[PDB]
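A short write-up of the structure that comes next.
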Amino acid sequence: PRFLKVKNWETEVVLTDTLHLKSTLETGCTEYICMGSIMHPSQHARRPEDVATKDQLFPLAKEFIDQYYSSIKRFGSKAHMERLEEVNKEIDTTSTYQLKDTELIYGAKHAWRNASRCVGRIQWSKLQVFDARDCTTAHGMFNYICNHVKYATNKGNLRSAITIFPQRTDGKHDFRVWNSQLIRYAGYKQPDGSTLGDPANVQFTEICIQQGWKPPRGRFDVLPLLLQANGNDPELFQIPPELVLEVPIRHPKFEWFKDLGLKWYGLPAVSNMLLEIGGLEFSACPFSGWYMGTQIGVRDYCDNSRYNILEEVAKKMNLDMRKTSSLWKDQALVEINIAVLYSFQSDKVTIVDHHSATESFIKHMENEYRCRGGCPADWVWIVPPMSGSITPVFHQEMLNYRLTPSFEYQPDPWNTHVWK
Amino acid sequence: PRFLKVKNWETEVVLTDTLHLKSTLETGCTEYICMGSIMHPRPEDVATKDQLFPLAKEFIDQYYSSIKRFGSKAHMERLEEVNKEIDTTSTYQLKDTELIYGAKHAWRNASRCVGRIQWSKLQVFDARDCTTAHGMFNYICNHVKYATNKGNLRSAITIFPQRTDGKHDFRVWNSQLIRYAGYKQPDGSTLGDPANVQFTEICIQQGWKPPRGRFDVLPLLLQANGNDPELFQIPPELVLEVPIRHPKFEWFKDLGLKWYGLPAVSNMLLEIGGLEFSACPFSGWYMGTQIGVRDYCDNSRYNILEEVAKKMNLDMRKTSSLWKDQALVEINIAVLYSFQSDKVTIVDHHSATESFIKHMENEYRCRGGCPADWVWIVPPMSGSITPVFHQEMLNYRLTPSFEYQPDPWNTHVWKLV
Ligand code: HEM
Ligand code: HEM
Ligand SMILES: C[C@H](O)[C@H](O)[C@H]1CNc2nc(N)[nH]c(=O)c2N1
Ligand SMILES: C[C@H](O)[C@H](O)[C@H]1CNc2nc(N)[nH]c(=O)c2N1
Ligand SMILES: [Zn+2]
């Protein structure tokens, strides 16, 4: 370091990174090993296991409050020094402190801005922040989440949003959305060993069923919300169906494609991540933007028990499926992604293709390097899962590093929860 | 750090890496920045005696360990013999067995190579007695003929004399042994392979008379003993080529495209025991997606990707039609179909990545790990429908290794006036 250059090998544009000097947490890499493809490479946290002591929390608070007041050209201002004194006394009397609305908004936007894995970040400063820190019950969380879904969906003109529930206190009163996303389809393990619905959600579906949910065992079964407030046992809630925008998937040239009876939901809303601002941990911070078409996992969706939507498309396309070298998987994959984009666009539901999104991300990187001196970026996650080398991010070198505020992963609550 | 675990999020298979404890050279990353997607993180800069000794001992220790003779009298005398050579001559010479072992493990250690399940079957051609570019040409012709094997390709490496003082390097100035020329036209269009315009200009500048055709095999530009490079024309009957056609699009053959059967990387440096083999052309066989025919500019400023989409009557107005994606798949279908039809070895990215996963698991079992560069192992298309996408990998640099080295035209001290 001192500065680190990244090069685009198509355009030969070189960007020079100084922002990485502000990085706090370990990537997991060393001089001798690179962990760039490990999902969860580092356990390096800014605060310890449980209720931090003052000398563990206040340095983190000061750093964030310093960062925030710097960001508004108010460093050392009257309001800044007062805020530090305020945070100091709050920690002294409660072992935590409470963000101001401006600080919460600033922190959530920057956690997104710092999300190295997110290709959508050109939009980062246009995040609608819903303060839900007054919420006390799962019912209130359900209400907050319904309003989020309604606002974000916006009749298909999707709007970036995050709803932030009360921060962690002692780790035994966590707010959690047990759902990984607010809207997902059930996965049903079948007695003949196979899977019905979305196979990614089989375990959570079973948890819901175990928690009393009566599964329709139908086709595209929207999973209930499993909401945990104040560390209590989670509670089941059915999202009002009129709040769940769905796009029937059809194909602009394959008339048979709609006969697959496929649909997907318009709003992707990640709800299992942890938002970390100045040592404060918001274990329930569901956020939503809009889909990049490649994200829509309708390809893995199982409508029967012995075949998959990829294979089913390839069959209806009369592709030879004996040998891989026919690229029938690649052919069908493209066609499914054409259908998804075509269907969302026809229904006027916000969606971005991976060409437009990666092109915007390159534009975002240029902006960030110009104004901020860097942009943390995880090539492994930024490059789209299809047609990687014909998108502009492929030949774009990227530096990955951990800035705070940040979105963090956290354990699945059912592994960690003590029932009552 | 005893153990490191990599998980496959598709299969849930967890592998434990101990082999990373043996790594010695940098990855480029630091504890706070990952440089995993950075491409690469003086001639006098040859190993001093004191630098060379421990690199040599590290290699010899590793070799005698591999043949279950570590600490043996043979091991000890080889060590002593190597140190005497470094003491007197400031360098030392690999035994033939050590050279073979070393080239094979440089491939085995190539974290960016998806084809490593084959590593132990490499044919090693010892060309360390070579002294001139003519001799290099002869050695390279024999490599091409042996590796091509009338389309039943065989992996091979040809190793020219190691670096001495940095002023006597052997170099293949070609990036691959067989490439097509690229010619920039006055009107900004490109004829042939736009990837090779720069090297083509060097060749013409060295006196090569270019055919200025569409698929002109470039001349070999060969440098021996630090002398100026010399041009040689590969005998055309040694260059196996595949006309590219499509199993369904009859018009694809009318694009008049072909590609060469033998990918043979010639610009890397082979490092064994601190010794540097600056000329070590090696070859296996293509993965279909490597073949750069799509970037090829037959006739004009437009390339085969665009031309194929045009013939496919694709809506090229908007990106969200995914016409680029569709034409990309069709080009890769045509490439695999053509090679297979002509019985020229090729692997598709599905087969290649599935084999890599098997290879990686076997390496974890028998070797304690497999350094792998996800950024380069995942194919350049359809990444997530291949098994490596969900495969966590640990990247680390083991020696012997293949390394990048500067382009020779940037560093060569020209002799001829
Ligand atoms: C506005 C449109 C957005 C688009 C197109 C987008 C796109 C993406 C994509 C493609 C990924 C890779 C993960 C995957 O493949 O599923 C990702 C990851 C991520 N996004 Fe965005 N995103 C958007 C909005 C947002 C917002 C509003 C936030 C938070 C305020 C956010 C935070 C994140 C985070 C933290 C990750 C990493 C998640 C993980 O590690 O699993 N994104 N995004
Ligand atoms: C036998 C079939 C082989 C296949 C299918 C194969 C495939 C590949 C692929 C797909 C890459 C990624 C870089 C790229 O996109 O070109 C790669 C990289 C590499 N391969 Fe292999 N390879 C094979 C044989 C070999 C052999 C015989 C050697 C050396 C003895 C070798 C050494 C390397 C090295 C050093 C790299 C890294 C190149 C770089 O960093 O730019 N490979 N290989
Ligand atoms: C093992 C691998 O690193 C991991 O599965 C990552 C790879 N890159 C990814 N990239 C995106 N966008 N989404 C993903 O889930 C993943 N998975
Ligand atoms: C910027 C990026 O890291 C670089 O261009 C790499 C990415 N991965 C790659 N992977 C393969 N197989 N081949 C390549 O040329 C590249 N390019
Ligand atoms: Zn790294």
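Computed over heavy atoms, backbone and side chain alike; hydrogens, waters and symmetry mates excluded. Lettering of chains follows the sequences in order, A, B, ..., and the numbering in each one begins at 1. Whatever order the structure lists them in is the order used to number ligands and atoms, beginning at 1.
- Atoms of ligand 2 found under 4.0 Å from any heavy atom of B:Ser283, numbered from 1 in the order shown, are 27 (C).
- Nearest non-hydrogen protein atom to atom 4 (C) of ligand 2 is B:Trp285 O, 3.5 Å.
- A:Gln295 NE2, 3.3 Å is the protein heavy atom nearest to atom 16 (O) of ligand 1.
- Among protein heavy atoms, the minimum distance from atom 29 (C) of ligand 2 is reached at B:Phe282 CD1, 3.2 Å.
- Heavy atoms of B:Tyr404 come nearer than 4.0 angstrom to ligand 2 in at least one pair.
- Of all the atoms in ligand 2, the ones that sit under 4.0 Å from a non-hydrogen atom of B:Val114 are 7 (C), 10 (C).
- Contact check on A:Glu397 versus A:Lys5 returns no salt bridge, with no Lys/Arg side-chain nitrogen under 4.0 Å from an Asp/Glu carboxylate oxygen.
- Atoms of ligand 1 lying under 4.0 Å from at least one heavy atom of A:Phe407, given by number and element, are 29 (C), 30 (C), 35 (C).
- Atoms of ligand 1 found under 4.0 Å from any heavy atom of A:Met273, numbered from 1 in the order shown, are 35 (C), 38 (C).
- Within the cation-pi definition used here (under 6.0 Å to the ring centroid, within 45° of the axis), B:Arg154 qualifies as a partner of B:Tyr146.
- Between B:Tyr286 and ligand 2, no N or O atom pair is found at a separation short of 3.5 Å.
- Ranked by closest heavy atom to atom 12 (C) of ligand 1, the top entry among A:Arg121, A:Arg159, A:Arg117 is A:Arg117.
- Residue contacts with ligand 2, taken as heavy atom pairs separated by less than 4.0 Å, do not involve B:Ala106 at all.
- Among protein heavy atoms, atom 26 (C) of ligand 2 sits closest to B:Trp107 CE2, 3.2 Å.
- Selection from A:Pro384, A:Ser180, A:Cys118 by nearest heavy atom to atom 33 (C) of ligand 1 gives A:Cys118.
- Note that A:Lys7 lies in the cation-pi zone of A:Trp9, set by a 6.0 Å cut-off to the ring centre and a 45° limit from the axis.
- Protein heavy atom at the shortest distance from atom 13 (C) of ligand 2 is B:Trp376 CE3, 3.6 Å.
- When each atom of ligand 1 is checked for a heavy atom of A:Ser160 under 4.0 Å away, the hits are 1 (C).
- If you number the atoms of ligand 1 from 1 as listed, the ones under 4.0 Å from a heavy atom of A:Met292 come out as 10 (C).
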